[PDB]
């Protein structure tokens, strides 16, 4: 955790910034969190803009190339990120970015704070480079073939996002998804050729033609905005969760042709950090982490 930096921006706004990192290196999940507390003389709530960045590896490993009539590998089917507030009713999640479903290859947005408390989200990064807002923070991430959606359970105490395999192209064919189904060939998502004389373990889409999120890693950038009533003097807790759902893709030779299958979320890998937030001192302390895999 960096020591807090205090910056008087002008006679209305003072900003307090801390950066905190926590990671699990066995799971290859890293959280890089930027906490910006905004003290605005003209607004009677404290505002925290929390940017969640870092890494979630897909967990992909190559299939065994010697597998002859049946093979399989695990891949990054979906990434989940959430931020939740506990232990104080005077704290609420009030805004966040991205705000709407988005399947563009790159997500690039600015979240701006205006004197008096208004939050706006604009498309593109100019909004946080033109410096027109009293405070802004940007998100910038690649998610080619994947789709970001806001979780249905999002409410005043939690925001989460799902970044899910959505429209995957396989050597010009597709698009395919985690669920695609043909009665003859199964899910052809990462199948090499329907008739290939190759080994099962060498009858998959070559790794570099898979999406980066499927075989490599996701680099999340998400913003949560939390408000805290200035009257309240109590600390609060924030839990930040990064998660991958690992799917198992398989192929099998059935007499005349290959069949592909995708099993969803066969291993769920989760990393959570919990911070104590001091609103009076604009400081955060890491009080807990936890890691889980359902099927290592």
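Residue numbers count along the first chain shown, from 1.
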Which of the two stretches, 278 to 286 or 14 to 22, shows the higher mean Cα temperature factor in the record? 278 to 286
Quick note on 84 to 92 and 180 to 188: per-entry mean CA temperature factor is higher in 84 to 92
Using the entry's values, work out which of 78, 142, 153, 166 has the largest Cα B factor. 153
When the entry's CA B-factors for 162, 127, 211, 220 are compared, the highest one belongs to 127
Chain-relative CA temperature factor third for residue 226: middle
Thinking about Cα B factors across the chain, which third does residue 35 belong to? lowest
Where does residue 121 sit by CA temperature factor within its chain: lowest, middle or highest third? highest
By the recorded C-alpha temperature factor, relative to the other modelled residues in its chain, which third is residue 238 in? middle
If you rank the chain by CA B-factor, which third does residue 66 end up in: lowest, middle or highest? middle
